[PDB]
Structure formats: structure tokens, C-alpha cells
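Student: Contents of start09.json (JSON, C-alpha atoms):
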[["chain", "number", "residue", "atom", "x", "y", "z"],
["A", 1, "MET", "CA", 11.33, 8.85, -7.39],
["A", 2, "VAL", "CA", 10.08, 5.29, -7.86],
["A", 3, "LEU", "CA", 7.50, 6.65, -10.37],
["A", 4, "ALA", "CA", 10.10, 8.86, -12.08],
["A", 5, "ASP", "CA", 8.93, 8.09, -15.63],
["A", 6, "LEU", "CA", 5.37, 9.18, -14.85],
["A", 7, "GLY", "CA", 6.62, 12.17, -12.86],
["A", 8, "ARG", "CA", 9.06, 13.39, -15.52],
["A", 9, "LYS", "CA", 6.18, 13.40, -18.00],
["A", 10, "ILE", "CA", 3.90, 15.29, -15.62],
["A", 11, "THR", "CA", 6.44, 17.95, -14.63],
["A", 12, "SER", "CA", 7.25, 18.52, -18.31],
["A", 13, "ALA", "CA", 3.58, 19.12, -19.15],
["A", 14, "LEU", "CA", 3.22, 21.52, -16.23],
["A", 15, "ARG", "CA", 6.43, 23.35, -17.18],
["A", 16, "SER", "CA", 5.15, 23.81, -20.74],
["A", 17, "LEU", "CA", 1.94, 25.29, -19.32],
["A", 18, "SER", "CA", 3.65, 27.62, -16.83],
["A", 19, "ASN", "CA", 5.82, 29.02, -19.66],
["A", 20, "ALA", "CA", 2.95, 29.71, -22.07],
["A", 21, "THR", "CA", 2.77, 33.41, -22.91],
["A", 22, "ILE", "CA", -1.02, 33.36, -22.48],
["A", 23, "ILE", "CA", -3.04, 30.74, -20.58],
["A", 24, "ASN", "CA", -6.20, 29.58, -22.37],
["A", 25, "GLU", "CA", -8.34, 26.48, -22.84],
["A", 26, "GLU", "CA", -6.30, 25.33, -25.84],
["A", 27, "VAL", "CA", -3.09, 25.47, -23.78],
["A", 28, "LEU", "CA", -4.88, 23.88, -20.81],
["A", 29, "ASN", "CA", -6.22, 20.93, -22.81],
["A", 30, "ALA", "CA", -2.76, 20.26, -24.27],
["A", 31, "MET", "CA", -1.38, 19.86, -20.75],
["A", 32, "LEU", "CA", -4.32, 17.67, -19.68],
["A", 33, "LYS", "CA", -3.79, 15.52, -22.77],
["A", 34, "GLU", "CA", -0.11, 15.25, -21.83],
["A", 35, "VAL", "CA", -0.99, 14.36, -18.23],
["A", 36, "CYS", "CA", -3.64, 11.80, -19.21],
["A", 37, "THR", "CA", -1.28, 10.19, -21.73],
["A", 38, "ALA", "CA", 1.36, 9.93, -19.00],
["A", 39, "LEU", "CA", -1.14, 8.21, -16.69],
["A", 40, "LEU", "CA", -2.14, 5.65, -19.33],
["A", 41, "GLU", "CA", 1.53, 5.03, -20.06],
["A", 42, "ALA", "CA", 1.75, 4.33, -16.31],
["A", 43, "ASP", "CA", -1.07, 1.73, -16.67],
["A", 44, "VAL", "CA", -3.69, 3.81, -14.85],
["A", 45, "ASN", "CA", -7.14, 2.53, -15.80],
["A", 46, "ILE", "CA", -8.95, 4.53, -18.49],
["A", 47, "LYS", "CA", -11.93, 5.10, -16.18],
["A", 48, "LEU", "CA", -9.72, 6.71, -13.54],
["A", 49, "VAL", "CA", -7.81, 8.83, -16.06],
["A", 50, "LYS", "CA", -11.04, 10.18, -17.56],
["A", 51, "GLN", "CA", -12.35, 10.96, -14.08],
["A", 52, "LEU", "CA", -9.19, 12.89, -13.20],
["A", 53, "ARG", "CA", -9.57, 15.02, -16.34],
["A", 54, "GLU", "CA", -13.19, 15.85, -15.48],
["A", 55, "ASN", "CA", -12.24, 16.84, -11.93],
["A", 56, "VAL", "CA", -9.40, 19.12, -13.03],
["A", 57, "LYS", "CA", -11.62, 20.81, -15.61],
["A", 58, "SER", "CA", -14.39, 21.15, -13.02],
["A", 59, "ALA", "CA", -11.95, 22.52, -10.45],
["A", 60, "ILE", "CA", -10.35, 25.09, -12.76],
["A", 61, "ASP", "CA", -12.65, 28.02, -13.51],
["A", 62, "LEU", "CA", -10.39, 30.56, -15.30],
["A", 63, "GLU", "CA", -12.91, 33.25, -16.37],
["A", 64, "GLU", "CA", -13.85, 34.75, -13.01],
["A", 65, "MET", "CA", -10.72, 34.14, -11.12],
["A", 66, "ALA", "CA", -10.96, 34.95, -7.49],
["A", 67, "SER", "CA", -7.99, 37.13, -6.92],
["A", 68, "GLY", "CA", -4.75, 36.24, -5.17],
["A", 69, "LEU", "CA", -3.83, 33.12, -7.05],
["A", 70, "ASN", "CA", -1.31, 33.16, -9.85],
["A", 71, "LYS", "CA", -3.50, 30.84, -11.99],
["A", 72, "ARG", "CA", -0.68, 29.04, -13.62],
["A", 73, "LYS", "CA", 0.16, 27.97, -10.09],
["A", 74, "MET", "CA", -3.53, 27.33, -9.44],
["A", 75, "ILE", "CA", -3.64, 24.98, -12.44],
["A", 76, "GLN", "CA", -0.61, 23.18, -11.02],
["A", 77, "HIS", "CA", -2.14, 22.87, -7.53],
["A", 78, "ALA", "CA", -5.31, 21.56, -9.20],
["A", 79, "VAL", "CA", -3.35, 18.80, -10.95],
["A", 80, "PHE", "CA", -1.32, 18.08, -7.81],
["A", 81, "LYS", "CA", -4.54, 17.74, -5.78],
["A", 82, "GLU", "CA", -6.09, 15.36, -8.31],
["A", 83, "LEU", "CA", -3.03, 13.11, -8.46],
["A", 84, "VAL", "CA", -3.26, 12.75, -4.67],
["A", 85, "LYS", "CA", -6.93, 11.76, -5.00],
["A", 86, "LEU", "CA", -6.05, 9.19, -7.67],
["A", 87, "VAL", "CA", -3.77, 7.32, -5.23],
["A", 88, "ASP", "CA", -5.72, 7.99, -2.03],
["A", 89, "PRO", "CA", -8.27, 5.38, -0.85],
["A", 90, "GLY", "CA", -10.39, 8.05, 0.85],
["A", 91, "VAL", "CA", -10.44, 6.04, 4.09],
["A", 92, "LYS", "CA", -8.24, 6.17, 7.19],
["A", 93, "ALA", "CA", -6.19, 3.01, 7.62],
["A", 94, "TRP", "CA", -6.22, 1.01, 10.83],
["A", 95, "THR", "CA", -3.44, 1.72, 13.30],
["A", 96, "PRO", "CA", -2.45, -0.23, 16.42],
["A", 97, "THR", "CA", -3.48, 1.28, 19.74],
["A", 98, "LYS", "CA", -0.72, 1.97, 22.25],
["A", 99, "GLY", "CA", -1.09, 0.15, 25.54],
["A", 100, "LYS", "CA", -3.36, -2.41, 23.87],
["A", 101, "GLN", "CA", -2.61, -5.88, 22.51],
["A", 102, "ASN", "CA", -2.76, -5.79, 18.72],
["A", 103, "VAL", "CA", -2.92, -8.99, 16.67],
["A", 104, "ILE", "CA", -1.98, -8.30, 13.05],
["A", 105, "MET", "CA", -2.45, -10.96, 10.38],
["A", 106, "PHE", "CA", -0.69, -10.74, 6.98],
["A", 107, "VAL", "CA", -2.08, -12.31, 3.80],
["A", 108, "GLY", "CA", -0.74, -12.75, 0.26],
["A", 109, "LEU", "CA", -0.29, -14.83, -2.95],
["A", 110, "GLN", "CA", 2.80, -16.51, -4.41],
["A", 111, "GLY", "CA", 5.35, -14.10, -5.75],
["A", 112, "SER", "CA", 3.47, -11.18, -4.17],
["A", 113, "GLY", "CA", 6.34, -10.35, -1.87],
["A", 114, "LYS", "CA", 9.44, -11.46, -0.01],
["A", 115, "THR", "CA", 8.99, -12.19, 3.68],
["A", 116, "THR", "CA", 7.67, -8.74, 4.57],
["A", 118, "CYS", "CA", 6.48, -9.76, 8.05],
["A", 119, "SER", "CA", 9.89, -8.88, 9.56],
["A", 120, "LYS", "CA", 9.85, -5.36, 8.11],
["A", 121, "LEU", "CA", 6.60, -4.41, 9.83],
["A", 122, "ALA", "CA", 7.80, -5.90, 13.13],
["A", 123, "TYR", "CA", 11.17, -4.12, 12.86],
["A", 124, "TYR", "CA", 9.30, -0.91, 11.97],
["A", 125, "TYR", "CA", 7.15, -1.04, 15.13],
["A", 126, "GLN", "CA", 10.00, -2.23, 17.36],
["A", 127, "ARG", "CA", 12.05, 0.72, 16.11],
["A", 128, "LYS", "CA", 9.12, 2.97, 17.09],
["A", 129, "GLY", "CA", 9.34, 1.58, 20.63],
["A", 130, "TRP", "CA", 6.60, -1.05, 20.56],
["A", 131, "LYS", "CA", 7.05, -4.41, 22.25],
["A", 132, "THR", "CA", 6.63, -6.57, 19.16],
["A", 133, "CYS", "CA", 6.73, -10.22, 18.22],
["A", 134, "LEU", "CA", 6.41, -12.59, 15.26],
["A", 135, "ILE", "CA", 4.14, -15.59, 14.56],
["A", 136, "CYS", "CA", 5.07, -17.91, 11.66],
["A", 137, "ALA", "CA", 2.56, -19.33, 9.25],
["A", 138, "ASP", "CA", 5.25, -20.32, 6.83],
["A", 139, "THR", "CA", 5.37, -24.07, 6.51],
["A", 140, "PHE", "CA", 7.84, -25.62, 8.91],
["A", 141, "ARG", "CA", 8.74, -28.67, 6.79],
["A", 147, "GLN", "CA", 15.90, -17.02, 5.36],
["A", 148, "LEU", "CA", 13.15, -15.94, 7.70],
["A", 149, "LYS", "CA", 14.62, -17.73, 10.70],
["A", 150, "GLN", "CA", 18.04, -16.17, 10.11],
["A", 151, "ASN", "CA", 16.45, -12.74, 9.59],
["A", 152, "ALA", "CA", 14.65, -13.14, 12.92],
["A", 153, "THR", "CA", 17.91, -14.09, 14.65],
["A", 154, "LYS", "CA", 19.71, -11.16, 13.05],
["A", 155, "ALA", "CA", 17.08, -8.67, 14.21],
["A", 156, "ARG", "CA", 16.82, -10.47, 17.58],
["A", 157, "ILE", "CA", 13.00, -10.75, 17.44],
["A", 158, "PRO", "CA", 11.44, -13.92, 18.88],
["A", 159, "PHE", "CA", 9.80, -15.74, 16.02],
["A", 160, "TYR", "CA", 7.53, -18.76, 16.19],
["A", 161, "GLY", "CA", 9.17, -21.67, 14.67],
["A", 162, "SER", "CA", 6.81, -24.43, 13.74],
["A", 163, "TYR", "CA", 8.15, -27.66, 15.08],
["A", 164, "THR", "CA", 5.53, -29.69, 17.04],
["A", 165, "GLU", "CA", 2.42, -29.49, 14.80],
["A", 166, "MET", "CA", 1.65, -29.28, 11.07],
["A", 167, "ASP", "CA", -1.81, -27.72, 11.10],
["A", 168, "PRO", "CA", -1.14, -23.93, 11.14],
["A", 169, "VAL", "CA", -4.38, -22.73, 12.76],
["A", 170, "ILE", "CA", -3.43, -24.29, 16.11],
["A", 171, "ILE", "CA", 0.08, -22.79, 15.88],
["A", 172, "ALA", "CA", -1.38, -19.32, 15.30],
["A", 173, "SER", "CA", -3.90, -19.76, 18.13],
["A", 174, "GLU", "CA", -1.23, -20.98, 20.55],
["A", 175, "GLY", "CA", 1.25, -18.33, 19.48],
["A", 176, "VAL", "CA", -1.11, -15.42, 20.12],
["A", 177, "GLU", "CA", -1.91, -16.82, 23.59],
["A", 178, "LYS", "CA", 1.76, -17.17, 24.55],
["A", 179, "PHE", "CA", 2.59, -13.61, 23.51],
["A", 180, "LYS", "CA", -0.61, -12.11, 24.93],
["A", 181, "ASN", "CA", 0.39, -13.69, 28.24],
["A", 182, "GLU", "CA", 3.86, -12.08, 27.98],
["A", 183, "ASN", "CA", 2.26, -8.61, 27.52],
["A", 184, "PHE", "CA", 3.34, -7.97, 23.92],
["A", 185, "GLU", "CA", 1.75, -4.92, 22.29],
["A", 186, "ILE", "CA", 2.17, -5.87, 18.62],
["A", 187, "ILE", "CA", 1.49, -9.52, 17.85],
["A", 188, "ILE", "CA", 2.15, -10.12, 14.16],
["A", 189, "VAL", "CA", 0.67, -13.15, 12.45],
["A", 190, "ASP", "CA", 2.19, -14.19, 9.14],
["A", 191, "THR", "CA", 0.07, -16.06, 6.65],
["A", 192, "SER", "CA", 1.21, -18.17, 3.73],
["A", 193, "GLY", "CA", 2.94, -16.75, 0.68],
["A", 194, "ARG", "CA", 2.52, -20.35, -0.68],
["A", 195, "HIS", "CA", -0.76, -19.90, -2.71],
["A", 196, "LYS", "CA", -1.32, -19.10, -6.39],
["A", 197, "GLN", "CA", -5.15, -19.13, -6.28],
["A", 198, "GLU", "CA", -7.51, -16.94, -4.25],
["A", 199, "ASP", "CA", -9.74, -19.91, -3.34],
["A", 200, "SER", "CA", -7.18, -21.73, -1.19],
["A", 201, "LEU", "CA", -5.68, -18.48, 0.14],
["A", 202, "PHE", "CA", -8.99, -17.12, 1.45],
["A", 203, "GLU", "CA", -9.94, -20.57, 2.76],
["A", 204, "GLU", "CA", -6.98, -20.74, 5.15],
["A", 205, "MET", "CA", -7.38, -17.00, 5.79],
["A", 206, "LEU", "CA", -10.78, -17.50, 7.40],
["A", 207, "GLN", "CA", -9.65, -20.61, 9.31],
["A", 208, "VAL", "CA", -6.76, -18.81, 11.03],
["A", 209, "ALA", "CA", -8.70, -15.56, 11.50],
["A", 210, "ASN", "CA", -11.54, -17.25, 13.37],
["A", 211, "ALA", "CA", -9.07, -18.95, 15.72],
["A", 212, "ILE", "CA", -6.93, -15.91, 16.62],
["A", 213, "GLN", "CA", -9.41, -13.04, 16.07],
["A", 214, "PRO", "CA", -6.91, -10.60, 14.51],
["A", 215, "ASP", "CA", -7.34, -6.85, 14.94],
["A", 216, "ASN", "CA", -6.18, -6.22, 11.35],
["A", 217, "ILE", "CA", -5.56, -8.27, 8.21],
["A", 218, "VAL", "CA", -2.92, -7.05, 5.75],
["A", 219, "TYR", "CA", -3.00, -8.18, 2.12],
["A", 220, "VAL", "CA", 0.44, -8.17, 0.49],
["A", 221, "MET", "CA", 0.22, -7.64, -3.26],
["A", 222, "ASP", "CA", 2.74, -7.79, -6.10],
["A", 223, "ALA", "CA", 2.30, -4.40, -7.77],
["A", 224, "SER", "CA", 4.05, -5.50, -10.99],
["A", 225, "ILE", "CA", 0.65, -6.67, -12.33],
["A", 226, "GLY", "CA", -0.42, -3.01, -12.51],
["A", 227, "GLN", "CA", -4.09, -2.07, -12.74],
["A", 228, "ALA", "CA", -5.14, -5.74, -12.53],
["A", 229, "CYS", "CA", -4.55, -5.26, -8.79],
["A", 230, "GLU", "CA", -8.05, -3.76, -8.59],
["A", 231, "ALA", "CA", -9.92, -7.06, -8.95],
["A", 232, "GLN", "CA", -7.48, -8.77, -6.58],
["A", 233, "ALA", "CA", -7.93, -6.08, -3.91],
["A", 234, "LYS", "CA", -11.74, -6.14, -4.13],
["A", 235, "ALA", "CA", -11.96, -9.87, -3.39],
["A", 236, "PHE", "CA", -9.84, -9.42, -0.26],
["A", 237, "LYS", "CA", -11.68, -6.33, 0.97],
["A", 238, "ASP", "CA", -15.03, -8.08, 0.44],
["A", 239, "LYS", "CA", -13.89, -10.97, 2.66],
["A", 240, "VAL", "CA", -12.59, -9.05, 5.71],
["A", 241, "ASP", "CA", -13.79, -6.11, 7.80],
["A", 242, "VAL", "CA", -10.53, -4.29, 8.63],
["A", 243, "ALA", "CA", -8.58, -4.53, 5.37],
["A", 244, "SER", "CA", -5.13, -3.13, 4.61],
["A", 245, "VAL", "CA", -2.82, -3.53, 1.63],
["A", 246, "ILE", "CA", 0.96, -3.43, 1.41],
["A", 247, "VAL", "CA", 2.35, -3.13, -2.11],
["A", 248, "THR", "CA", 5.76, -4.53, -3.04],
["A", 249, "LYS", "CA", 7.80, -4.55, -6.25],
["A", 250, "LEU", "CA", 6.71, -1.01, -7.07],
["A", 251, "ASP", "CA", 10.00, -0.43, -8.94],
["A", 252, "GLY", "CA", 11.54, -2.13, -11.97],
["A", 253, "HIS", "CA", 8.61, -1.66, -14.37],
["A", 254, "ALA", "CA", 6.34, 1.03, -15.77],
["A", 255, "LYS", "CA", 3.11, -0.12, -14.11],
["A", 256, "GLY", "CA", 3.56, 1.16, -10.55],
["A", 257, "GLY", "CA", 1.10, 4.04, -10.89],
["A", 258, "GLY", "CA", -1.66, 1.78, -12.18],
["A", 259, "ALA", "CA", -1.36, -0.50, -9.15],
["A", 260, "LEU", "CA", -1.56, 2.34, -6.61],
["A", 261, "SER", "CA", -4.55, 3.98, -8.31],
["A", 262, "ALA", "CA", -6.29, 0.62, -8.80],
["A", 263, "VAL", "CA", -6.07, -0.22, -5.09],
["A", 264, "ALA", "CA", -7.22, 3.27, -4.11],
["A", 265, "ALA", "CA", -10.26, 2.82, -6.36],
["A", 266, "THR", "CA", -11.40, -0.02, -4.07],
["A", 267, "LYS", "CA", -11.02, 2.20, -0.96],
["A", 268, "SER", "CA", -8.43, -0.18, 0.52],
["A", 269, "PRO", "CA", -5.66, 1.86, 2.19],
["A", 270, "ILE", "CA", -2.07, 1.05, 1.30],
["A", 271, "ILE", "CA", -0.15, 1.49, 4.54],
["A", 272, "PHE", "CA", 3.42, 0.73, 3.39],
["A", 273, "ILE", "CA", 5.57, 0.03, 0.33],
["A", 274, "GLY", "CA", 8.33, -2.58, 0.14],
["A", 275, "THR", "CA", 11.35, -1.23, -1.73],
["A", 276, "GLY", "CA", 14.00, -3.96, -1.70],
["A", 277, "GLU", "CA", 15.60, -7.02, -0.16],
["A", 278, "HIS", "CA", 16.76, -5.38, 3.07],
["A", 279, "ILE", "CA", 14.88, -4.95, 6.34],
["A", 280, "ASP", "CA", 14.82, -1.14, 6.30],
["A", 281, "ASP", "CA", 13.69, -1.00, 2.65],
["A", 282, "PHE", "CA", 10.23, -0.15, 3.91],
["A", 283, "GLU", "CA", 8.18, 3.01, 4.43],
["A", 284, "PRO", "CA", 4.71, 4.22, 5.48],
["A", 285, "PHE", "CA", 2.48, 5.30, 2.60],
["A", 286, "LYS", "CA", 1.55, 8.98, 3.00],
["A", 287, "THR", "CA", -0.14, 10.11, -0.19],
["A", 288, "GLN", "CA", 0.48, 13.88, -0.12],
["A", 289, "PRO", "CA", 4.28, 13.65, 0.53],
["A", 290, "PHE", "CA", 4.49, 10.87, -2.06],
["A", 291, "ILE", "CA", 3.04, 12.99, -4.88],
["A", 292, "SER", "CA", 4.91, 16.15, -3.82],
["A", 293, "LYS", "CA", 8.38, 14.62, -4.06],
["A", 294, "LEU", "CA", 7.45, 13.17, -7.46],
["A", 295, "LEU", "CA", 6.66, 16.57, -8.96],
["A", 296, "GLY", "CA", 9.32, 18.49, -7.02]]
Can the structure from this file be put into C-alpha cells for me?

Tutor:
Amino acid sequence: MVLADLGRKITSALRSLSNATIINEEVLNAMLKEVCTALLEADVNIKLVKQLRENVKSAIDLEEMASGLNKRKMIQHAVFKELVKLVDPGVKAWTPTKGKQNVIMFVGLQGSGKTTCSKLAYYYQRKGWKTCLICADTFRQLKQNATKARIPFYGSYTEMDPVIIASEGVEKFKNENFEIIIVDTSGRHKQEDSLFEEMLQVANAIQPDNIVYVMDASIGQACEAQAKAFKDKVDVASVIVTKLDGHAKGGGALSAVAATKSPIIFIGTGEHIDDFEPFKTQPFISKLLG
């Protein structure tokens, strides 16, 4: 698992608990301490780790124990359930509607992520959608990737102001009956000011059905502030997290974004076009502990 270091620590704590000769509050707190320590070592914010501990203690009532559960297993399911909550935004993410024209705009900062536009388009194409690409990269890798996947991609040759390109591109592909019309914004900004400035300029022109913020997860729990500013500036907000691997801070990023109620729809897991997967929270946590 991509969060193997956090998961190894959690499954060890649970194994120690399930092997205790007698289950009591002393044994239970030890495991919670071990779990909480693992979450902090994963850069989960202290507020969210304390909340998880409260919920697990509130959920486990050992004294009058409804029969049928083997409570060691009940304690495990209680932890499992609370890990899913920690990474779950609590909100259903937007999805394109089949037989409709869907304009999807991508947004993100410098270093936040390799050209991930092509992966979403390839994903939907592979699922049988008629899909297309619109380029906000500056005109003056991505072209060659488009040729390789055989997906028509807007090049930018005639005009340097990107809002007109985006506007014209959506029209051309709406006229050709495309179902998924994917608008790429700039990866070329280090500050939120200039990013969100162009974001509103292009959005007003093309009226996207969904705006996707692409975030570099390697900054860990500091993703929370970055996600809030984006969610506060758009109505239909989605997040795609990249660079989840290669560092210890992946868990903090996922739980930070979920704390803002912004759904993470996919994760980017490498340089290649199929290194890409939908973010389903329950299967994610299950494979980590199993």
C-alpha cells in the first residue's frame, strides 16, 4: 500500500489488541495511543487525531455488549470505520452525466502535478465516453502524449490569450457532440492570487460543469488551507492528489482535504498514463489494513 508505513503501524497495534488475554480499558488505550501516534507520524493534524480517538471511545461501549460480536473484532471494525471517516469528505463528488455534454476544468499550482489532464481523458475514453482535450498550457510532452493516445488536443497556435482559446475550444467540441470536454488550466503558477485570477476568467467564458484542483500531496496537512481557498472560490469543487508516495506525509494530505469536505476523486501514482485510479475511501482503507 502507498500508506504502508502508517498501515503497518496500525495493523500491529490491532494485532497486539486481538492477542491480549483479556480486553480492558488499559489494553484499549494502549492501542489507541499506538494508533494516534501512527497518525501523527503520518502528519495527520492533531485536531483530527484527537477527534478520531474521541469517536472510537464513544463508539466502543464494552460493558453491556450487545451479543453476537466478538468484541476484539468490534474494536477493529470501530477503528476501521473511523479511519474511513478521517479520509472521507462526507460529500458525494460530482460525476459527468451520460448523454450530456460535460465541460471539466482542471486547476493547479506549480509542481502540484505532471500533466494529469491526459489521465482523466484516457480514463473516461476507456470507459466508453467520447472525450476530448482543451489546452491551457502556454503555446509559446503533452502534445506527444496526446498523439500517442490518439486524443485530439487543442494546440494553441493562433492566439496568446487563453480565455478565448478555451471558449472557442468548448464550442468546437460541443458542436462535434463530445460528451466529456476537458479543459486544462495552467500548472504555471506559484501563488494563489494569479492562479485564481485566471481561473475565474476562463470559468466565466466556458461555464464549466466541474472544476478540479490538482494538489501536490507532499506538503502533507498544509493541504488543508490550500484546499479551503479553492473550495471557497468555486461551487462544484473536486480535488485530485498526486505525489502521494515517496514520503511519510500522504495520510496527512488526504485527511486534511477531507476536513474541508472537498472530495478527492482520483490519485496520480506515477509518470505513466494508466498510473491513475478513482478514490474510493472504504476499499482504500481495507487494503491498507488487510

Student: With the cut-off set at 10 Å and counting all atoms listed in the file, tabulate each residue of segment 1-36 of chain A with an atom at most that distance from an atom of segment 234-251 of chain A, showing the nearest atom pair and its distance in Å to one decimal, ordered by chain and increasing number, as CSV.

Tutor:
residue,atom,partner,partner_atom,distance
A:1,CA,A:251,CA,9.5
A:2,CA,A:251,CA,5.8
A:3,CA,A:251,CA,7.6
A:4,CA,A:251,CA,9.8

Student: Using only C-alpha atoms, determine which residues lie at most 12 Å from residue 34 of chain A, disregarding the query and same-chain residues fewer than 4 positions distant; provide the list as a PyMOL selection string.

Tutor: chain A and resi 6-17+27-30+38-41+49+53+79

Student: As an exercise, work out the distance from atom CA of residue 134 of chain A to atom CA of residue 98 of chain A in Å and give it to one decimal place.

Tutor: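 If I compute the distance from atom CA of residue 134 of chain A to atom CA of residue 98 of chain A, I get 17.7 Å.
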
Student: Please list as JSON, numbers by chain every residue within 12 Å of residue 125 of chain A, counting only C-alpha atoms and excluding residues in the same chain fewer than 3 positions away.

Tutor: {"A": [95, 96, 97, 98, 102, 104, 118, 119, 120, 121, 122, 128, 129, 130, 131, 132, 133, 134, 157, 184, 185, 186, 187, 188, 280, 282, 283, 284]}

Student: Could you tell me how far atom CA of residue 189 of chain A sits from atom CA of residue 107 of chain A, in Å to one decimal place?

Tutor: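 If I compute the distance from atom CA of residue 107 of chain A to atom CA of residue 189 of chain A, I get 9.1 Å.
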